[PDB]
Every structure is written in C-alpha cells, then in structure tokens.
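Participant: As they sit in the full assembly, here are the leading chains:
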Amino acid sequence: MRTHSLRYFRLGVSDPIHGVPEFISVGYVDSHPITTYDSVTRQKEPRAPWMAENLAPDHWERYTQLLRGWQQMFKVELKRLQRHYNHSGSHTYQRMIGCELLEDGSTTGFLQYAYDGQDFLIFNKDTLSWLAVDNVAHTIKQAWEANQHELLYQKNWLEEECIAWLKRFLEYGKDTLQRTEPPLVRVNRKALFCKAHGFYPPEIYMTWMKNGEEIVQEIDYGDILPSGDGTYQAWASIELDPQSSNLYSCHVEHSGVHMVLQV
Amino acid sequence: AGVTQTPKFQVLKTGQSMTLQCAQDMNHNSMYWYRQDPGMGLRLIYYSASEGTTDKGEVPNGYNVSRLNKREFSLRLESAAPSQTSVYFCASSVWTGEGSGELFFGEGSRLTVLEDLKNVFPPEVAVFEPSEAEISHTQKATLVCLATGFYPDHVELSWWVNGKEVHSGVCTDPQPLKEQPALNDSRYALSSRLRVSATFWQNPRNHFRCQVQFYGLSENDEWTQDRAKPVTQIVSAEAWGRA
Amino acid sequence: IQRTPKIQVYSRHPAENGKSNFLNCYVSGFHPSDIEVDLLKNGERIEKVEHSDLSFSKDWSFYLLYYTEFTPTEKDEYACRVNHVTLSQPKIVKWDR
C-alpha cells in the first residue's frame, strides 16, 4: 500500500465566544474525517459511512463516555497552563496523536500538545522523553516523566495499538482509502501553468524542467485543494523567457506513475 | 482516607431496596462498582468516567447508580434477589481511559439476600482453656474459641487480652465451616486459637476473651419467629489463668 | 501568535460559460478557529451555500471548504468574503479565470 496515517485531534478553547464549543475531537484516516465529538453534542458520531457501517453501537457508546471525561481533563489543564503563563482572556490547547504506515513496511508514531497553535510538548517514543519548548511546558514535563509507566504505555500504544486501529479502518474504508484516481493534466499560458485535477490520493508531485534540467529555482507552486467531490486539484507555474528558445516540460508524479507534458 | 464504602455488611429480604454508598478523597475522576463472586473474576456493574456521566458495565441488570458529585458514586439495588448475593467493591482511578493508572478499591460490602429471615442465627461462642498436657510438654498454652450455628457468614472474631485486642499468637479460620454441607441453608462454624507462653497463662490475674461481632437484622426488619430476633450483636466468652 | 486565513476561490471543474459547476472557497492556515465565510454573487450574499466541518492540520492550523452549485456566465463575477480575528475589515477575494 501507500503511506497511510491515522491521526486524532483535540481542541480546547478557554472562553468560547457565543455558540463556539469549548471542546472538539475529530479523527482522520489520511484526509478523511471518520469520527467527531464536540462539547455541545457530547456524543461520538461517525463522519464516514463505512465507519457507521462497521462499528457496533457498543463502540460509539463506549467512546462517548471517554470523550466526556477528556472534555473535563482538558478544561482543567488549560486552566493550569493559563495560570503558569499568566495569560488572560482566550487561549487554545491542542493535542495530536497518531500513526503512519509507510509503504516499505515501517511505521511512525507521534503525540504532541500545543498552546495557542504553537508546539508545546512533543513525545519521543524512542527515547521515552518529553521535549519542552518553554519552562511552563518544562514544568509539566517533569511530572509526566516521573511516571514512566505512563510513558511506556504511550510507546506501546503508538507502536502497536494505533497501527492496529489504522489497519482496521483501512479495510473498513478500502473502497475509498485505497483507490486510485489518476490526475488530468493540461498546460495553460499567461508563464506556463501546469494544472492537474480529479486525482486521489491528494499526494502529487509537480515540477517544471528546462531542457532536461529542473528549474532550481523559481517555480511557483499552487496548493493542493479539494474539489468537493472526493478528488483534488493543484498547479505549478514558471515564467517563460523571451530571450532564448527553451524546451519546457511539466513533470507529474502520482501513485507510482510518472507523467511528462512537453511544450 | 482513600476510598470509603458503606455498609460493610447487609442482610436483605426479597425483594428489598438498598443503596450502597462510596466516597473518595483522592480527587479521582473515574469511579466504579464491582461485584466479586467465587470462581470468577471481578465484574463491572456500572462505572462513571467523570463528574457528570455514568454508563452500564458488564452486569447492569437489577442495579442503577448515581454519580452525585466528584467524590460520591452510589450503587442501588432496585429489588433484591438471591442472585445479587455478593461482595461489592467500590473503586476509583485518576482516569478510566488512556493511561497506566491503577485502581484504588474500597473495603467492600457483603450482601446476602434471603427469601426470609427465618434462617438467620447469631453465633454461639464458647472458650476452651488449655490442656495441662500441652503446658507440661511444650511450655505453651492454647485457648480455643468456637463460634457455631450462625447464618449468614457475617462474623468478625477477635481475641481480647486484659481489655486490649491482640493479634499475635492468633489464628482464625480464613473460611467458615458448613455444619450440614449437604444443605443450601447450612449454618456455619468458625474456630480460632490464641496461643500464649505457659508463664502467661499461669498468671491468675490475666483475662482472656473471645469476641464475635455478628451482623444480622436491624430495627426495621420484621420478625415473627418465636425465638430472639437475630439483630446485630456481640457475643463473647472468657477465661482467667489457672494457678 | 495568531495566523491569518489563506483564501482561495476556484471551481470544481474547469469552468465554461453555460456548463453547471461548483464554486469552492477554501480557507486554511488560520488560528484561532473562530471564522465566518459567505460567497458573493457580484456583491450580494449567496444563501444556498454548503460547507464541510471544521478540520485540523499538523501545524495546528484549521481549514474549511465552502461551496455552491452554479453555472458561470460572462455577466457574473464571484467572490468570497472572510472575517477573522486577524482581520480588521472583511477580506474579499474574487474568483479568477
């Protein structure tokens, strides 16, 4: 297979304005949302049809309870952080946990915490330690690292349990997560715009080459964007030189297939 | 401190209401109710992940719970049944979900559910003084205490020497003895020994006392039998040292 | 540190006058998550506009996709107006072709 990733996000906001929730939790396999929970619904609900189809009510009832607890725990350590920083008003607190299953068979695990959208605490499962970006984080770190049973737990979960979940979901959503839709590539003029659309997965490689050598460097890349139908689109541009004749060609790579469009 | 749970003992008729209380002062978020039965592992009845939510466990039928606050998690028997006869344990942890966090248990609560209280009996307690043969041969003196005829197994045996409770030199049967093992209704017996130096027993002003605390009926339990109402009571028997 | 939103306006398929299509407004790379996004048909709001749920990125930023169904014409010109904590006045990004 390709590189597949499972990643779960949690957001905590201190003074949510108006109808904004104070706690949100969403799960992703690759680029697809699979499960969601907010402080208003207080339920864990499917966000993909193949998730609702394959997981018994037991699952949703069990994880609903757990997320209610996490809503509490996050509201409490957002308070302790905000006191240590001496920060008034609004601040955010985020958490990302997850796996990656690489094509070659290797894996990666990661668990991170964030404050105001900045790195705050990063876990290293290979050294069983927490990296702190400041001294507020350093204070939290010293307590966490004193409980090595907890650290050993996280290492085991990231390396075995998360990966196991991912394989489980990859099969649930096989018809979606493991399909290939090749890109449609064309070349426009204004600078040559190499434009691709209608492809999945969204991982795509585009570049311009002059006379057989890569432009190193002033290619202008466009972001990979969702089309709204499950496919994606992107582009790359280079300005054409009016002094010299040059063979410009756009190179696209996608799911193991290389493509060349010459001009 | 720690995890507090009440009552420690309880006798119930079919089918009577009952509420078990549990409190924890460790500022734990997750609390639990387990029942323990012979031959099988603990079974979760209900649990509470945090201060504002509860959910069913493995064996929720015939029960319900209320997480009153962050400290208190009460278990409730709707209508008592013989199958609900068990030891119940309250427990709490910092967090039920992700983590290496362990459980902190309460002392436990033994509930016995009967069709009627007609078979409830207090223990008969007798103390038996040491053999003079033992004292000559081993220079030690063993008092034996028997508590017989009681039901259910809701007893606590203890030895008292000169007004103060002792534990050294004491061995009490870890399980009680069924006097009529063939029967489901069978009353129990429980032996215990206190073994002291011969020079201790031979002092005439030393006082020995075997006390058995029994947990049976309370004031509000109905009693129609022609014998004494087997209420919660202490029953003792005593000895003094010989010459 | 607060991050301003990135606003991109594009069509689902290569647009042609007369052919039905979808107008997308992708808003990404902003923080905090508080945001409001509506599409413009030559100045006035479109009301029949769908959107995905809020989403999360590895760099702790959030993103969103707003979209309508439409048939592009020579006459019409579209835009997407976005308001965020990092913006003092509503930022308007017009659709190009």
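Facilitator: Here it is on my side, so go on. Numbers count the residues shown, from 1 in each chain, chains lettered A, B, ... in the order given.

Participant: tell me the contacts of the residue nearest the centre of chain B?
Facilitator: Central residue of chain B (CA atoms, centre = their mean): residue B:154, 5.0 Å from the mean position. Residue B:154 makes contact with B:9, B:11, B:110, B:112, B:214, B:215, B:216 under the criterion CB atoms under 8 Å, 6 or more residues apart in numbering or on different chains. Where C-beta positions appear, they are placed from N, C-alpha and C, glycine not excepted.

Participant: Which residue, other than its chain neighbours, is closest to the fourth one?
Facilitator: The reference is to residue B:112. Closest residue to residue B:112 apart from its sequence neighbours, by CB to CB, 6 or more residues apart in numbering or on different chains: residue B:152 at 4.3 Å.

Participant: State the number of residues packed around that neighbour.
Facilitator: 22 (other CB atoms under 10 Å in any protein chain shown).

Participant: Quick check: buried residues in stretch A:62-71?
Facilitator: A:63, A:64, A:65, A:66, A:67, A:68, A:69, A:70, A:71 (16 or more other CB atoms under 10 Å in any protein chain shown).

Participant: is chain B contacted by it?
Facilitator: Yes: using CB under 8 Å from any CB of the partner chain, stretch A:62-71 reaches chain B at A:62, A:65, A:66, A:68, A:69, A:70.

Participant: Could you export those residues as a markdown table, including secondary structure?
Facilitator: Shown next, in a markdown table, are these (DSSP: H, G, I helix; E, B strand; the rest coil):
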| residue | secondary structure |
| --- | --- |
| A:62 | helix |
| A:65 | helix |
| A:66 | helix |
| A:68 | helix |
| A:69 | helix |
| A:70 | helix |
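
Participant: so which of these would you say is closest to chain C?
Facilitator: Using CB to the nearest CB, residue A:70 comes nearest to chain C of the residues of stretch A:62-71 next to chain B, at 15.5 Å.

Participant: What strand or helix carries residue A:100?
Facilitator: Using DSSP states H and E, residue A:100 falls within strand A:92-101.

Participant: Would that strand count as contacting chain B?
Facilitator: No: judged by CB under 8 Å from any CB, strand A:92-101 makes no contact with chain B; its nearest approach is 8.9 Å.

Participant: partners of that strand, with directions?
Facilitator: strand A:4-13 (antiparallel), strand A:107-115 (antiparallel) (DSSP bridges).

Participant: one more, chain D:
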Amino acid sequence: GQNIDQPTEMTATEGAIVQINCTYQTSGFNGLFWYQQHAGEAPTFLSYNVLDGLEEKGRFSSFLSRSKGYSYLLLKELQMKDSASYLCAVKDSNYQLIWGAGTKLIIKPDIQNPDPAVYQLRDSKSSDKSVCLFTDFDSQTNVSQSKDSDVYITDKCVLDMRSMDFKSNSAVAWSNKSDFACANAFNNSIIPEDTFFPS
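Facilitator: Chain D now in position relative to the chains above:
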C-alpha cells in the same frame, strides 16, 4: 476473545520462590495489572507491565511477553504474609479491564522442630461440646474432614507467636456426641506416626 486465565490455587513453601502465571487472549493490549487481595480485604495494586521484559519491585517481580500473550508474578523468599489471592487484569483496545478469577497463594510454614500432638481441651461450663486440638505438626501433614457429621473438624491454620519467633500448625475437632474422644478425633486423616497422645 476475551479471556484471562489464571491457576485457581498455588501452594509453595516459606522461603522459596513461586511464579504465578497469567495468560490472556484479548482484543488489543493496553497493559497488564497485578493485584494482591488478602482474604476479607480489598485488592491493592502490585505491578504494571505494558512492554516486554522483567520489572522488579522488592521481593516481587513482574514479567510480560506481549507476543506470547502471558505474564507472571514472581515472589522471592516467600513469607506467610504473602498468603493472599493475586489478581491479573488486562486493559483492552477500548481501555476496559478484563479480570482473571484470581490465584490463591497458600504458604506452607517451615516448621523447624515438629512435635505432633492431640490435646483434650478443658470443657467450658457453657457448652456441651468436647474439643480436641491437633497441633505442632509438620507442614506436609494434611487434615481431612470427619466422615461422622456430628463431628466437626477444621482445616489446618498457621499461628505465629512473634515474640518467640515461633510458628505452629493446628487443626481443631469438636462434638457433643457422647462417644467422642481425642484418641479417635483425627482417624479419618493422616497424622504423623510419632504423634503425642496424652491420657
């Protein structure tokens, strides 16, 4: 699954080493717990394993093999106070605990100077029961039921006179039936050949 298996009961000698096994078949694995429960008391946390290897805490050690799906609790230099039930519990993929049925550890005391004897105890003036006491016998001696059931015999128990560092085994027999003597109290069980019977 899901399933946790644990031996019902184990017997070992004082001063020796015992290894209590726990094999689990679960839906995922988030950690294995050991608990100690004394009879009549509440279970208390002993150890926690989640990664392969052996972790030591005093006389106790806990080992885990995730691949083989088993764990053991090792108790070195056994003492009488180690007599309890030991509970194995595995956390599954959904962080729910599965509990084993527990293992009861019985510790046989090292009796240095055996002196097996059955003593007739003094009658009480408040009971019709006559009482015999089998005592000071070796730990390999087992006590059996009475095949008479107006006679009541209790399983052996260990008392510790901690001011003399002295441990002894003892079983108690009693009855009110008129044909009951200590001479015949423990016939249905195997008592030592050198047992002392005072007249």
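
Participant: Re-run the earlier check on the buried residues of stretch A:62-71 with chain D in the model.
Facilitator: For stretch A:62-71, the neighbour count (16+ other CB under 10 Å) marks A:62, A:63, A:64, A:65, A:66, A:67, A:68, A:69, A:70, A:71 as buried.

Participant: try stretch B:101-116
Facilitator: Going by neighbour count (16+ other CB under 10 Å), the buried part of stretch B:101-116 is B:101-106, B:108-114.

Participant: mind listing what residue 92 touches?
Facilitator: Answering for chain A, as no chain was given. Here residue A:92 is in contact with A:11, A:12, A:13, A:14, A:114, A:115, A:116, A:117, C:31, C:32, C:33 (criterion: CB under 8 Å, 6+ apart).

Participant: wrong one, I was asking about chain D
Facilitator: Each residue near residue D:92 by CB under 8 Å, 6+ apart is listed here: D:1, D:2, D:26, D:27, D:28, D:29, D:30, D:98.

Participant: Residue A:246 too?
Facilitator: Residues counted as contacts of residue A:246 (CB under 8 Å, 6+ apart) are A:210, A:211.

Participant: the helices in chain C, which residues?
Facilitator: Counting by DSSP state H, chain C forms no helices at all.

Participant: tell me, what residue is most central in it?
Facilitator: residue C:25 (2.4 Å).

Participant: Quick check on the one residue sitting closest to the centre of chain D: phi, psi?
Facilitator: The centre of chain D sits closest to residue D:106, judged by CA atoms, centre = their mean, with a distance of 2.2 Å. The phi/psi pair for residue D:106 (degrees, to the nearest 10) reads phi -100, psi 130.

Participant: List the residues that contact it.
Facilitator: The neighbourhood of residue D:106, defined by CB under 8 Å, 6+ apart, consists of D:9, D:10, D:11, D:12, D:83.

Participant: Filter these down to the buried ones, PyMOL style.
Facilitator: In PyMOL, the members of those classed as buried (16+ other CB under 10 Å) are selected with the following command:
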select buried, chain D and resi 10+12+83
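
Participant: Looking at the contacts of residue D:106, which is nearest chain C?
Facilitator: Distances from chain C to the contacts of residue D:106, taken by CB to the nearest CB, are shortest for residue D:10, at 51.4 Å.

Participant: sorry, back to before: kindly reformat the buried residues of stretch A:62-71 as JSON lines containing distance to residue A:207.
Facilitator: Formatted as JSON lines, the buried residues of stretch A:62-71 follow (distance: CB to CB, whole Å):
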{"residue": "A:62", "distance to residue A:207": "47"}
{"residue": "A:63", "distance to residue A:207": "43"}
{"residue": "A:64", "distance to residue A:207": "47"}
{"residue": "A:65", "distance to residue A:207": "49"}
{"residue": "A:66", "distance to residue A:207": "45"}
{"residue": "A:67", "distance to residue A:207": "43"}
{"residue": "A:68", "distance to residue A:207": "48"}
{"residue": "A:69", "distance to residue A:207": "48"}
{"residue": "A:70", "distance to residue A:207": "43"}
{"residue": "A:71", "distance to residue A:207": "45"}
